[PDB]
>>> print(open('entry_3.pdb').read())   # PDB, N, CA and C atoms and all ligand atoms
ATOM      1  N   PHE D   1       6.230   3.936  -1.762  1.00  0.00           N
ATOM      2  CA  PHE D   1       5.780   4.854  -0.676  1.00  0.00           C
ATOM      3  C   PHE D   1       5.909   4.169   0.695  1.00  0.00           C
ATOM      4  N   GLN D   2       4.805   3.857   1.329  1.00  0.00           N
ATOM      5  CA  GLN D   2       4.862   3.193   2.661  1.00  0.00           C
ATOM      6  C   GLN D   2       3.441   2.910   3.159  1.00  0.00           C
ATOM      7  N   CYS D   3       3.256   1.882   3.941  1.00  0.00           N
ATOM      8  CA  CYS D   3       1.888   1.587   4.455  1.00  0.00           C
ATOM      9  C   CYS D   3       1.702   2.197   5.847  1.00  0.00           C
ATOM     10  N   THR D   4       0.483   2.291   6.298  1.00  0.00           N
ATOM     11  CA  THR D   4       0.223   2.861   7.649  1.00  0.00           C
ATOM     12  C   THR D   4      -1.195   2.500   8.087  1.00  0.00           C
ATOM     13  N   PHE D   5      -1.614   1.302   7.792  1.00  0.00           N
ATOM     14  CA  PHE D   5      -2.989   0.875   8.166  1.00  0.00           C
ATOM     15  C   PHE D   5      -2.971  -0.453   8.922  1.00  0.00           C
ATOM     16  N   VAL D   6      -3.894  -0.632   9.823  1.00  0.00           N
ATOM     17  CA  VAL D   6      -3.968  -1.912  10.580  1.00  0.00           C
ATOM     18  C   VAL D   6      -2.601  -2.376  11.049  1.00  0.00           C
ATOM     19  N   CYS D   7      -2.433  -3.670  11.162  1.00  0.00           N
ATOM     20  CA  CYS D   7      -1.098  -4.192  11.593  1.00  0.00           C
ATOM     21  C   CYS D   7      -0.277  -4.554  10.353  1.00  0.00           C
ATOM     22  N   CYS D   8      -0.831  -4.339   9.186  1.00  0.00           N
ATOM     23  CA  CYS D   8      -0.090  -4.653   7.935  1.00  0.00           C
ATOM     24  C   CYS D   8       1.107  -3.717   7.822  1.00  0.00           C
ATOM     25  N   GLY D   9       0.850  -2.440   7.782  1.00  0.00           N
ATOM     26  CA  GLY D   9       1.964  -1.452   7.676  1.00  0.00           C
ATOM     27  C   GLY D   9       3.048  -1.983   6.731  1.00  0.00           C
ATOM     28  N   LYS D  10       2.670  -2.426   5.561  1.00  0.00           N
ATOM     29  CA  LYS D  10       3.681  -2.948   4.596  1.00  0.00           C
ATOM     30  C   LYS D  10       4.487  -1.794   3.995  1.00  0.00           C
ATOM     31  N   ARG D  11       5.309  -2.079   3.025  1.00  0.00           N
ATOM     32  CA  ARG D  11       6.124  -1.000   2.397  1.00  0.00           C
ATOM     33  C   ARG D  11       5.711  -0.804   0.935  1.00  0.00           C
ATOM     34  N   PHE D  12       5.600   0.421   0.497  1.00  0.00           N
ATOM     35  CA  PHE D  12       5.206   0.671  -0.917  1.00  0.00           C
ATOM     36  C   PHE D  12       6.416   1.138  -1.727  1.00  0.00           C
ATOM     37  N   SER D  13       6.476   0.780  -2.978  1.00  0.00           N
ATOM     38  CA  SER D  13       7.630   1.200  -3.822  1.00  0.00           C
ATOM     39  C   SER D  13       7.228   2.369  -4.727  1.00  0.00           C
ATOM     40  N   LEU D  14       6.155   2.226  -5.457  1.00  0.00           N
ATOM     41  CA  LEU D  14       5.714   3.329  -6.357  1.00  0.00           C
ATOM     42  C   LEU D  14       4.185   3.394  -6.402  1.00  0.00           C
ATOM     43  N   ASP D  15       3.644   4.380  -7.061  1.00  0.00           N
ATOM     44  CA  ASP D  15       2.160   4.505  -7.133  1.00  0.00           C
ATOM     45  C   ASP D  15       1.532   3.167  -7.537  1.00  0.00           C
ATOM     46  N   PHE D  16       1.946   2.601  -8.636  1.00  0.00           N
ATOM     47  CA  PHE D  16       1.357   1.297  -9.045  1.00  0.00           C
ATOM     48  C   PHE D  16       1.359   0.342  -7.852  1.00  0.00           C
ATOM     49  N   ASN D  17       2.501   0.120  -7.261  1.00  0.00           N
ATOM     50  CA  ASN D  17       2.561  -0.786  -6.080  1.00  0.00           C
ATOM     51  C   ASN D  17       1.907  -0.096  -4.881  1.00  0.00           C
ATOM     52  N   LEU D  18       1.691   1.189  -4.979  1.00  0.00           N
ATOM     53  CA  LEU D  18       1.053   1.933  -3.857  1.00  0.00           C
ATOM     54  C   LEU D  18      -0.425   1.557  -3.750  1.00  0.00           C
ATOM     55  N   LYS D  19      -1.161   1.705  -4.819  1.00  0.00           N
ATOM     56  CA  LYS D  19      -2.609   1.356  -4.772  1.00  0.00           C
ATOM     57  C   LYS D  19      -2.780  -0.155  -4.908  1.00  0.00           C
ATOM     58  N   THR D  20      -1.921  -0.792  -5.652  1.00  0.00           N
ATOM     59  CA  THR D  20      -2.025  -2.262  -5.807  1.00  0.00           C
ATOM     60  C   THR D  20      -1.974  -2.911  -4.421  1.00  0.00           C
ATOM     61  N   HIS D  21      -1.495  -2.189  -3.444  1.00  0.00           N
ATOM     62  CA  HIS D  21      -1.417  -2.754  -2.069  1.00  0.00           C
ATOM     63  C   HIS D  21      -2.513  -2.166  -1.181  1.00  0.00           C
ATOM     64  N   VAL D  22      -2.376  -0.925  -0.808  1.00  0.00           N
ATOM     65  CA  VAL D  22      -3.393  -0.301   0.084  1.00  0.00           C
ATOM     66  C   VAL D  22      -4.812  -0.641  -0.386  1.00  0.00           C
ATOM     67  N   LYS D  23      -4.975  -0.994  -1.633  1.00  0.00           N
ATOM     68  CA  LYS D  23      -6.335  -1.337  -2.143  1.00  0.00           C
ATOM     69  C   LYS D  23      -7.108  -2.170  -1.114  1.00  0.00           C
ATOM     70  N   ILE D  24      -6.441  -3.021  -0.376  1.00  0.00           N
ATOM     71  CA  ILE D  24      -7.169  -3.842   0.641  1.00  0.00           C
ATOM     72  C   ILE D  24      -7.705  -2.930   1.741  1.00  0.00           C
ATOM     73  N   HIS D  25      -6.833  -2.234   2.417  1.00  0.00           N
ATOM     74  CA  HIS D  25      -7.302  -1.313   3.489  1.00  0.00           C
ATOM     75  C   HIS D  25      -8.467  -0.493   2.948  1.00  0.00           C
ATOM     76  N   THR D  26      -8.507  -0.312   1.657  1.00  0.00           N
ATOM     77  CA  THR D  26      -9.618   0.458   1.048  1.00  0.00           C
ATOM     78  C   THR D  26     -10.682  -0.508   0.520  1.00  0.00           C
ATOM     79  N   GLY D  27     -10.313  -1.742   0.295  1.00  0.00           N
ATOM     80  CA  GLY D  27     -11.302  -2.731  -0.219  1.00  0.00           C
ATOM     81  C   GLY D  27     -10.885  -3.195  -1.615  1.00  0.00           C
TER
HETATM   82 ZN    ZN H 101      -0.786  -2.272   4.108  1.00  0.00          ZN
END
>>> encode(input="entry_3.pdb", output="structure tokens", more="lines below")
Ligand SMILES: [Zn+2]
Amino acid sequence: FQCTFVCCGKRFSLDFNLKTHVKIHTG
């Protein structure tokens, strides 16, 4: 998918990698 939080704005590939990442912006 894609990130859009803070200055991280990283890149997401799929749902698994989607939450496995944004999980921080969420905690
Ligand atoms: Zn991010």
>>> residues_around(input="entry_3.pdb", residues="residue 25 (chain D)", least_positions_apart="2", cutoff="12 Å", atoms="only C-alpha atoms", output="PyMOL selection string")
chain D and resi 3-10+18-23+27
>>> atom_distance(input="entry_3.pdb", atom1="CA of residue 13 (chain D)", atom2="atom ZN of ligand ZN 101 (chain H)")
12.1 Å
>>> axis_aligned_box(input="entry_3.pdb", around="region 1-20 of chain D", padding_each_side="4 Å", output="JSON")
{"center_x": 1.8, "center_y": 0.1, "center_z": 1.3, "size_x": 19.6, "size_y": 17.5, "size_z": 28.6}
>>> select_by_dssp(input="entry_3.pdb", residues="chain D", states="helix (DSSP H, G or I)", output="list in words")
residues 15, 16, 17, 18, 19, 20, 21, 22, 23, 24, 25 and 26 of chain D
>>> decode(input="entry_3.pdb", residues="chain D", atoms="N, CA and C atoms", output="PDB file, in the first residue's frame")
ATOM      1  N   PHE D   1       0.850  -1.225   0.000  1.00  0.00           N
ATOM      2  CA  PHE D   1       0.000   0.000   0.000  1.00  0.00           C
ATOM      3  C   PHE D   1       0.877   1.264   0.000  1.00  0.00           C
ATOM      4  N   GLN D   2       0.883   2.003   1.083  1.00  0.00           N
ATOM      5  CA  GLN D   2       1.711   3.239   1.146  1.00  0.00           C
ATOM      6  C   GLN D   2       1.565   3.889   2.526  1.00  0.00           C
ATOM      7  N   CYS D   3       2.570   4.578   2.992  1.00  0.00           N
ATOM      8  CA  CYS D   3       2.454   5.236   4.326  1.00  0.00           C
ATOM      9  C   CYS D   3       2.023   6.695   4.161  1.00  0.00           C
ATOM     10  N   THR D   4       1.588   7.312   5.223  1.00  0.00           N
ATOM     11  CA  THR D   4       1.163   8.737   5.146  1.00  0.00           C
ATOM     12  C   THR D   4       1.081   9.319   6.556  1.00  0.00           C
ATOM     13  N   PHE D   5       2.011   8.960   7.394  1.00  0.00           N
ATOM     14  CA  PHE D   5       1.996   9.466   8.793  1.00  0.00           C
ATOM     15  C   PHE D   5       3.346  10.072   9.178  1.00  0.00           C
ATOM     16  N   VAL D   6       3.329  11.063  10.022  1.00  0.00           N
ATOM     17  CA  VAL D   6       4.602  11.687  10.476  1.00  0.00           C
ATOM     18  C   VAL D   6       5.563  11.920   9.325  1.00  0.00           C
ATOM     19  N   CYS D   7       6.840  11.875   9.615  1.00  0.00           N
ATOM     20  CA  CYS D   7       7.840  12.070   8.517  1.00  0.00           C
ATOM     21  C   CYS D   7       8.277  10.701   7.989  1.00  0.00           C
ATOM     22  N   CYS D   8       7.722   9.646   8.532  1.00  0.00           N
ATOM     23  CA  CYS D   8       8.085   8.283   8.063  1.00  0.00           C
ATOM     24  C   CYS D   8       7.604   8.109   6.628  1.00  0.00           C
ATOM     25  N   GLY D   9       6.324   8.236   6.420  1.00  0.00           N
ATOM     26  CA  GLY D   9       5.768   8.086   5.043  1.00  0.00           C
ATOM     27  C   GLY D   9       6.493   6.957   4.303  1.00  0.00           C
ATOM     28  N   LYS D  10       6.610   5.807   4.916  1.00  0.00           N
ATOM     29  CA  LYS D  10       7.300   4.667   4.243  1.00  0.00           C
ATOM     30  C   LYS D  10       6.414   4.088   3.137  1.00  0.00           C
ATOM     31  N   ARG D  11       6.818   2.994   2.558  1.00  0.00           N
ATOM     32  CA  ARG D  11       6.001   2.378   1.473  1.00  0.00           C
ATOM     33  C   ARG D  11       5.469   1.012   1.918  1.00  0.00           C
ATOM     34  N   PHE D  12       4.229   0.722   1.628  1.00  0.00           N
ATOM     35  CA  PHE D  12       3.661  -0.594   2.032  1.00  0.00           C
ATOM     36  C   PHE D  12       3.520  -1.504   0.811  1.00  0.00           C
ATOM     37  N   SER D  13       3.695  -2.782   0.992  1.00  0.00           N
ATOM     38  CA  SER D  13       3.574  -3.724  -0.158  1.00  0.00           C
ATOM     39  C   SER D  13       2.221  -4.442  -0.116  1.00  0.00           C
ATOM     40  N   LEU D  14       1.887  -5.034   0.998  1.00  0.00           N
ATOM     41  CA  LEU D  14       0.583  -5.749   1.100  1.00  0.00           C
ATOM     42  C   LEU D  14      -0.002  -5.584   2.505  1.00  0.00           C
ATOM     43  N   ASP D  15      -1.196  -6.060   2.719  1.00  0.00           N
ATOM     44  CA  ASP D  15      -1.826  -5.922   4.064  1.00  0.00           C
ATOM     45  C   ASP D  15      -0.852  -6.375   5.156  1.00  0.00           C
ATOM     46  N   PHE D  16      -0.343  -7.571   5.067  1.00  0.00           N
ATOM     47  CA  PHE D  16       0.612  -8.032   6.112  1.00  0.00           C
ATOM     48  C   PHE D  16       1.672  -6.955   6.342  1.00  0.00           C
ATOM     49  N   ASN D  17       2.350  -6.547   5.305  1.00  0.00           N
ATOM     50  CA  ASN D  17       3.381  -5.484   5.464  1.00  0.00           C
ATOM     51  C   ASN D  17       2.690  -4.144   5.724  1.00  0.00           C
ATOM     52  N   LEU D  18       1.408  -4.079   5.481  1.00  0.00           N
ATOM     53  CA  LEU D  18       0.661  -2.812   5.714  1.00  0.00           C
ATOM     54  C   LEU D  18       0.525  -2.549   7.213  1.00  0.00           C
ATOM     55  N   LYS D  19      -0.015  -3.490   7.941  1.00  0.00           N
ATOM     56  CA  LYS D  19      -0.175  -3.289   9.409  1.00  0.00           C
ATOM     57  C   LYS D  19       1.154  -3.556  10.114  1.00  0.00           C
ATOM     58  N   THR D  20       1.930  -4.470   9.604  1.00  0.00           N
ATOM     59  CA  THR D  20       3.240  -4.760  10.233  1.00  0.00           C
ATOM     60  C   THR D  20       4.059  -3.469  10.292  1.00  0.00           C
ATOM     61  N   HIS D  21       3.690  -2.494   9.505  1.00  0.00           N
ATOM     62  CA  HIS D  21       4.439  -1.207   9.511  1.00  0.00           C
ATOM     63  C   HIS D  21       3.648  -0.126  10.246  1.00  0.00           C
ATOM     64  N   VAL D  22       2.593   0.352   9.648  1.00  0.00           N
ATOM     65  CA  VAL D  22       1.797   1.430  10.296  1.00  0.00           C
ATOM     66  C   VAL D  22       1.565   1.121  11.780  1.00  0.00           C
ATOM     67  N   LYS D  23       1.659  -0.124  12.166  1.00  0.00           N
ATOM     68  CA  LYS D  23       1.445  -0.482  13.599  1.00  0.00           C
ATOM     69  C   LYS D  23       2.105   0.549  14.521  1.00  0.00           C
ATOM     70  N   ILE D  24       3.227   1.099  14.136  1.00  0.00           N
ATOM     71  CA  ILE D  24       3.890   2.113  15.014  1.00  0.00           C
ATOM     72  C   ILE D  24       3.018   3.363  15.094  1.00  0.00           C
ATOM     73  N   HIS D  25       2.762   3.986  13.977  1.00  0.00           N
ATOM     74  CA  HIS D  25       1.901   5.200  13.995  1.00  0.00           C
ATOM     75  C   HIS D  25       0.666   4.907  14.838  1.00  0.00           C
ATOM     76  N   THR D  26       0.300   3.658  14.925  1.00  0.00           N
ATOM     77  CA  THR D  26      -0.880   3.284  15.743  1.00  0.00           C
ATOM     78  C   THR D  26      -0.417   2.805  17.121  1.00  0.00           C
ATOM     79  N   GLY D  27       0.824   2.406  17.232  1.00  0.00           N
ATOM     80  CA  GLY D  27       1.334   1.928  18.548  1.00  0.00           C
ATOM     81  C   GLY D  27       1.707   0.448  18.446  1.00  0.00           C
TER      82      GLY D  27
END
